[PDB]
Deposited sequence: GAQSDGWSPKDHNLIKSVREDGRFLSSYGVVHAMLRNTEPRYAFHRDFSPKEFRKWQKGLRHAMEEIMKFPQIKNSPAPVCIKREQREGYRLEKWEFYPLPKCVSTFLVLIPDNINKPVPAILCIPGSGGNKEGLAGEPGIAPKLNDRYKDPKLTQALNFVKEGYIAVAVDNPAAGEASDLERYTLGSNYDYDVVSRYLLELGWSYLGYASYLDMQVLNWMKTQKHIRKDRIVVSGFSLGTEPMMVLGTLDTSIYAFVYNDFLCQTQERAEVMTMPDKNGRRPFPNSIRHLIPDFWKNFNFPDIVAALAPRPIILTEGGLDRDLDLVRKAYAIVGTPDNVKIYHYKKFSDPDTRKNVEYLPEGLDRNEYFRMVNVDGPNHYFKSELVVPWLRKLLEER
């Protein structure tokens, strides 16, 4: 047998049905029209009515619950900025932590930035601090990933958070596997209880944002939420659920995740068709409501920079959302440098079926080797927005 002759999930019957359960569940997803999908032909009044529905839909699927106040457990001077480690208590029997970088001698309240790391990353990594364990240390001496350190030097106050199951929120990794965190087991408990990794991760990050609104040196109206890779997931949820968030940094390619699962069907040597990602990314009924490009579009008119491309169709979806409200230049896009020449990219309205992983990432213009927090693009953009 040969994989290439089985990558399509097409019916072998005149009636169009599937005997294989994989065939069936794939057909079901294929036929799921997300209720809050973006439509390029919206009028402003429809765009506003839709933007509200998506937000209302997002509350229902994230299931935020409706609490001692936070406490600073450490303060240490650093070069030109003081570091602060705060403890917060978001749920019963749960304590979490975050790092806050504050420039020295502040006068007026300054813009503040909530930085969220990528899979395997951690808040110390973002602040450029050594890890809580020898194995839990990040790439903390690399400027390509240290969002918080990088932003405090600019005069902003940077708050750094952990993704659940990683960093200080890890379990026994610090003794055995380190950065290879068991995000899946945590997701599984949450899922059994009707929740999700993202719902839990966003609920926690939300509480930190609420804390950021309680500081006198934090300019409450100039709060930016930045995220790298996985971190852009709670950035979207915080952004969608909180309309006062000022601007956004989406450091990851813009993915139509539902479409990715439908077309990445090429089997491997053992007949297996692995899912594009793990249950860390499983939020029941997500795809009945929307996809990432729809959500980012809904953040309009608020300023956002996407730094690592995606399929032009999706990038243009977001541009079109911004132009409808009358602020086409509030959204700023960049491709990876490898796919910057338009002859390296293709405009297709649908991604072809029967693809493998390698073929998928080339279609959406993603360059893996150079996947890192684009500080050289993000910083000058933030300067422009906040120079005034």
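Q: According to the record, which stretches of the deposited sequence lack C-alpha coordinates?
A: According to the deposited record, C-alpha coordinates are absent for 1-6, 73-75, 398, which together make up the missing parts.
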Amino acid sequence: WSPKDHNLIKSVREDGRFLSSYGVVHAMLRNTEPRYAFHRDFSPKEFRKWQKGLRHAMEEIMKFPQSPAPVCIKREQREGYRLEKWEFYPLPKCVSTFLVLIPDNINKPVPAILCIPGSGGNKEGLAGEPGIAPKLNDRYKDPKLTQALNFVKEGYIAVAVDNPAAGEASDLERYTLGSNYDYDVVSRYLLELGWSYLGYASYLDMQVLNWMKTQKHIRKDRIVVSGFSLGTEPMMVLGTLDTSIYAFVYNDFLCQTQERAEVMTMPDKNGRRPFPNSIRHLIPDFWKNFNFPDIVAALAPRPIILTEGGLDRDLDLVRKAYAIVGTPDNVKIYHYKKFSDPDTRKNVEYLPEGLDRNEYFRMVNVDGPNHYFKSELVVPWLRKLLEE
From here on, numbers count along this sequence of modelled residues.
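Q: Mean CA temperature factor from the deposited coordinates, higher in 48-56 or in 337-345?
A: According to the PDB entry, the answer is 337-345.
Q: If you average the Cα B factors in the entry, which is higher, 112-120 or 126-134?
A: Between 112-120 and 126-134, it is 126-134 that shows the higher mean C-alpha B-factor.
Q: Between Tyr250, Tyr183, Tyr140, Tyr189, which carries the biggest CA temperature factor in the record?
A: Going by the entry's C-alpha B-factors, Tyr140 comes out highest.
Q: Taking the values straight from the PDB record, which of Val71, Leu230, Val208, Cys255 has the highest C-alpha temperature factor?
A: Spelled out: the listed residue with the top C-alpha B-factor is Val71.
Q: Please place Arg30 in the lowest, middle or highest third of its chain by C-alpha B factor as given in the entry.
A: For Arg30, the deposited C-alpha B-factor lands in the lowest third.
Q: By its CA B factor, does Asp312 count among the lowest, middle or highest third of the modelled residues in the chain?
A: Middle third by C-alpha B-factor.
Q: Ranking the modelled residues of this chain by C-alpha B-factor as given in the entry, is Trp195 in the lowest, middle or highest third?
A: As the PDB entry reports it, the C-alpha B-factor of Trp195 lands in the lowest third of its chain.
Q: Using the temperature factors of the C-alpha atoms in this entry, rank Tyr246 within its chain: lowest, middle or highest third.
A: Middle third of the chain for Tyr246's C-alpha B-factor.
Q: If you rank the chain by CA B-factor, which third does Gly23 end up in: lowest, middle or highest?
A: Answer is lowest: the recorded C-alpha B-factor places it there.
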